[PDB]
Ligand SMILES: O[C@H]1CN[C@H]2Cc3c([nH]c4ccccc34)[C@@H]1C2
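As a starting point, one isolated chain is supplied in structure tokens, in the form deposited without the named molecule.
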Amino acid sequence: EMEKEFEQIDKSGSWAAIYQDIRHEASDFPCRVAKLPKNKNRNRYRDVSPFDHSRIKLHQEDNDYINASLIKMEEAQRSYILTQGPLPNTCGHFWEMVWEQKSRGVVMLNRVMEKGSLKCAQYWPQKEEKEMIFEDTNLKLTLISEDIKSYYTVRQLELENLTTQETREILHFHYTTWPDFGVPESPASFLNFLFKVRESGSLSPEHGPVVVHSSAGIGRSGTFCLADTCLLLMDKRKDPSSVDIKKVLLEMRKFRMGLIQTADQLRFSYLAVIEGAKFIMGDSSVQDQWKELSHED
């Protein structure tokens, strides 16, 4: 049982040790393409690169590289694309990926500016009347509407392939109060957000994988995906207590390095899954409780 595992770790003061063990056991795969000199301006951080085996390839002959990885969770039957916050010169690549991968939703867990420093480009329009055109990939992006809540914002965007003239509605789920290398204000606020993404239909297998990002696409991003996949497994398995969150995280790390960046983020992931499980195990009244507890504007 996760509650028992959580207490065992918490009471012994072993979070740093458990987390460091996961880091030590994590997969080590090559990232040769990410390191090619010509790709230097496509990486936000020198210490965060996608593995070659799981990287997302752009469908262009020029240069198919983007710092993004496909996290394919076989048993959970869900895939996610984790990517860095787009750079000024990779915003067109980012939307090209969204288009090509048939994604319906984009989950952003960081702010454009954090601690007086730029952590992600302003890759979507802030005003309806000021749409964006990405010349390099021939895509147009328009803000259709946005619903701003106390700690997160949901936006409806229209993405158009200017080559084929076809358009698609993309849902943007922006968590605006999650500090870098920090944790959500509470399991409640996090789960309320996660279930909003779920209820939107964006994570449905009928769509391409949801695109999840933070500044590097590994810390807050890994937390989001780890919680979601664990809950998926608990709903799917005969014995939900058989889900080992540490093993799920190691499985995810076979696809992208460094998922979950701090011991406290790992600790928070346990709390988020333990709380979310109360809903999966029936008692769907907790969902309204998180809603109320989140104080979403």
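Don't overthink the numbering: it's just position in the shown sequence, from 1.
We do not show the form solved in complex with the named molecule, though everything after this point is about it.
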**Asked** Is the site here open or blocked once the named molecule, taken in the deposited complex, is overlaid via the site C-alphas (blocked: 3+ ligand atoms within 2.4 Å of backbone or C-beta atoms)?
**Response** open
**Message:** I'd like to know if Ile56 sits close to the named molecule in the deposited complex, meaning any non-hydrogen atom pair within 4.5 angstroms.
**Reply:** no
**Request:** Pull the contact list for 184-208: residues with a heavy atom within 4.5 Å of the named molecule in the deposited complex, in sequence order.
**Result:** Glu185, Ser186, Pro187
